[PDB]
Amino acid sequence: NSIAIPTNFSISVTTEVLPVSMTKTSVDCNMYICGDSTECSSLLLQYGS
Amino acid sequence: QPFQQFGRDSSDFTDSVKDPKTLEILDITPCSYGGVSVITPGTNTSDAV
Ligand SMILES: *[C@@H]1O[C@H](CO)[C@@H](O[C@@H]2O[C@H](CO)[C@@H](O[C@@H]3O[C@H](CO)[C@@H](O)[C@H](O)[C@@H]3O)[C@H](O)[C@H]2NC(C)=O)[C@H](O)[C@H]1NC(C)=O
Ligand SMILES: *[C@@H]1O[C@H](CO)[C@@H](O[C@@H]2O[C@H](CO)[C@@H](O[C@@H]3O[C@H](CO)[C@@H](O)[C@H](O)[C@@H]3O)[C@H](O)[C@H]2NC(C)=O)[C@H](O)[C@H]1NC(C)=O
Ligand SMILES: *[C@@H]1O[C@H](CO)[C@@H](O)[C@H](O)[C@H]1NC(C)=O
């Protein structure tokens, strides 16, 4: 038989953070593998794609 | 320091060396360092890049 009714109000501001993107990178095989080596470059070419 | 002939690195890549004839340290840097990108409009379109 009872009921509670608020009589006052308040304004509150909250924050929220969401990631949207990350960094972009590129990799070169001929430089990371067989750095400045013609024989190793030929071997890597023979290895496959 | 003395008793040194080669310059190592965290990635085991040579960067410095001592000349046995002039007794002075040198530096090693790969012939290719930067990145190169090429913009093309398509094979049918043209050949200028
Ligand atoms: C419930 O809501 C009522 C309004 O519907 C609030 O009453 C009034 O609230 C304001 C808030 O800024 C009070 O103003 C302040 O009053 C004194 C003046 O000396 C001082 O603290 C500040 O410079 C500011 O002006 C206002 O006095 C107040 N009125 C009464 C009659 O109290 C009430 O505060 C709300 N209740 C709660 C618990 O927040
Ligand atoms: C072989 O290695 C020896 C050390 O074992 C080096 O000896 C050095 O020889 C050079 C030759 O150019 C000398 O330099 C010269 O010194 C004076 C400076 O006033 C002058 O004659 C020339 O302008 C030149 O700079 C150097 O002093 C000498 N070192 C010594 C005596 O401690 C030599 O580099 C190597 N031999 C060659 C490259 O023929
Ligand atoms: C390039 O141009 C020719 C010209 O007739 C066209 O038929 C062909 O489909 C085009 N090629 C590509 C890959 O779009």
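Residues numbered from 1 in each chain as written, not as in the entry; some residues may be left out. Chains lettered and ligands numbered in written order. Part of a larger assembly, values for the part shown. Heavy atoms only, no water.

cryo-EM is the method the PDB entry states for this structure, with the resolution given as 2.97 Å.

1. Some words on the sheet that holds strand β3 (residues 25-27) of chain B
Residue and element names in this part refer to chain B. Short version of the rule: In this description, strands pair whenever DSSP reports at least two bridges between them. Helix and strand definitions here come from DSSP, where helices need a minimum of 4 consecutive H or I residues and strands a minimum of 2 consecutive E residues; each element is numbered from the N-terminal end.
Read from one edge of the open sheet, three strands run β1-β2-β3, paired in antiparallel fashion. A strand with exactly one partner marks an edge of an open sheet, and here the two such strands are β1 (6-7) and β3. Pairing of strand β2 (residues 16-18) with β3 involves three bridges; the strand directions are antiparallel. Within β3, the position partnered with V17 by the bridge is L26.

2. Some details on the state of the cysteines
So the rule is basically this: Whenever a pair of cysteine sulfur atoms sits within 2.5 Å, that pair is classed as a disulfide. Classification of residues uses two cut-offs on accessible area relative to the type maximum, computed with a 1.4 Å probe and protein chains only: under 20% is buried, over 50% is exposed, and between them is partly exposed.
Inspection of the entire model under this criterion finds one disulfide over all chains. Across the disulfide from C34 of chain A sits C40 of chain A; the S-S distance is 2.0 Å. When the S-S torsion is -45°, as for the bridge of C34 of chain A with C40 of chain A, the disulfide is left-handed. You can call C34 of chain A buried: its relative accessible area is 12%. The class of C40 of chain A is partly exposed, set by a relative accessible area of 29%. No disulfide involves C29 of chain A; its sulfur sits 9.7 Å from that of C34 of chain A, the nearest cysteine. Between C31 of chain B, a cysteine without a disulfide, and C34 of chain A, which holds the nearest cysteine sulfur, the sulfur-to-sulfur distance is 17 Å.

3. Notes on the layout of surface pockets
Quick reminder of the rule: The rule is simple: put a 1 Å grid over the protein atoms alone, call a set of points where a 1.4 Å probe fits but cannot get out a cavity, call an open set with protein on both sides within 12 Å along at least five of seven lines a pocket, and count a residue as lining if it has an atom within 4 Å of a point. Grid points are joined across faces, edges and corners, and a volume is the space filled by probe spheres set on the points. Note on residue classes: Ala, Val, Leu, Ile, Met, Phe, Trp, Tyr, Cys and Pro are nonpolar, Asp, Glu, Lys and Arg are charged, and everything else, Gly too, is polar.
As a volume, the largest pocket reaches approximately 530 Å³. Lining the largest pocket are 18 residues, and of these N30, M31, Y32 and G35 of chain A together with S32 of chain B lie nearest its centre. Broken down by element, the residue count for the lining of the largest pocket peaks at three residues, all from helix α1 (residues 29-32) of chain A. Looking at the lining of the largest pocket residue by residue, the class counts come to seven nonpolar, nine polar and two charged.

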